[PDB]
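Presented below, as structure tokens, is a lone chain in the form deposited in one PDB entry.
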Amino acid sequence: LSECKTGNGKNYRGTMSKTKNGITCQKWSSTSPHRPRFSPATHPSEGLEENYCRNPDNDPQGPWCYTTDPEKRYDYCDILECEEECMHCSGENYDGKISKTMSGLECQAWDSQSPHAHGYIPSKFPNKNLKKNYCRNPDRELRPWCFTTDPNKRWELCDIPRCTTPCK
């Protein structure tokens, strides 16, 4: 179940419980410090649950909570856009669109079974994002990768960009 934002965040449903600035959020179904305009009462099916981040009002700036700080009512929250640029760290996360290995071989689709038998079945690891055949890192491996369509190369890693040019 999806842990990153697309567009203004309507369908966001990760579990970020704090504004862009540290402050832990107010549960949506509470009244102190503030009194909110979207109660799981009023806008029921709008993922208004827990204290997690949400965009009920269809805000331009996206997902946002009310802060437990009486002093600033509500504020926005941080939340990686989807798609992906460059891997963060070793990118246990990577949700990007790259399909050609280091060697430079186009990846074999996760869905597929050729030219290689493999148990990385997306069915089996739904949250794991085995889209088409985008390079990935399910298993705490060095850096994402795939099973390559060169029948003699099972798999190998790809050359994903580090955003900030073990981990820090």
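Each residue number is its position in the shown sequence, starting from 1.
### Message
Quick check: 61-69 versus 125-133, which has the larger average CA B-factor in the record?
### Response
It is 125-133.
#### Entry: Comparing 101-109 with 40-48, the one whose average Cα B-factor in the PDB entry is higher
On average, C-alpha B-factors are higher across 40-48.
### Query
Which third, lowest, middle or highest, does the CA B-factor of residue 160 fall in along this chain?
According to the entry, residue 160 has a C-alpha B-factor in the chain's middle third.
### Task
Divide the modelled residues of the chain into thirds by Cα B-factor and specify which third, lowest, middle or highest, holds residue 81.
As the PDB entry reports it, the C-alpha B-factor of residue 81 lands in the highest third of its chain.
### Task
Would you mind checking where the Cα B-factor of residue 35 ranks among the modelled residues of its chain, as the lowest, middle or highest third?
Highest third - that is where residue 35 ends up once the chain's C-alpha B-factors are sorted.
### Assigned third (lowest, middle, highest) for the C-alpha B factor of residue 8
Within its chain, residue 8 is a lowest-third residue by C-alpha B-factor, going by the deposited values.
### Message
Can you tell me whether residue 29 has a C-alpha B-factor in the lowest, middle or highest third compared with the other modelled residues of the same chain?
### Response
Its C-alpha B-factor belongs to the highest third of this chain's values.
FYI, the form deposited in another entry isn't displayed, but the following is about it.
### Query
Of 83, 139, 142, 22, which one sits right at the hinge of the rigid motion between the shown form and the other one?
Looking at the options, the one at the hinge is 83.
### Task
Might you say whether the CA atoms of residue 123 and residue 15 end up closer or farther apart in the other entry than in this form? Their distance differs by 3 Å or more.
Relative to the displayed form, residue 123 and residue 15 draw closer in the other entry - a change of at least 3 Å between their C-alphas.
### Task
Mind checking the CA-CA distance of residue 123 and residue 16 in the other entry? It differs by 3 Å or more from this form, so is it closer or farther?
So the answer is closer.
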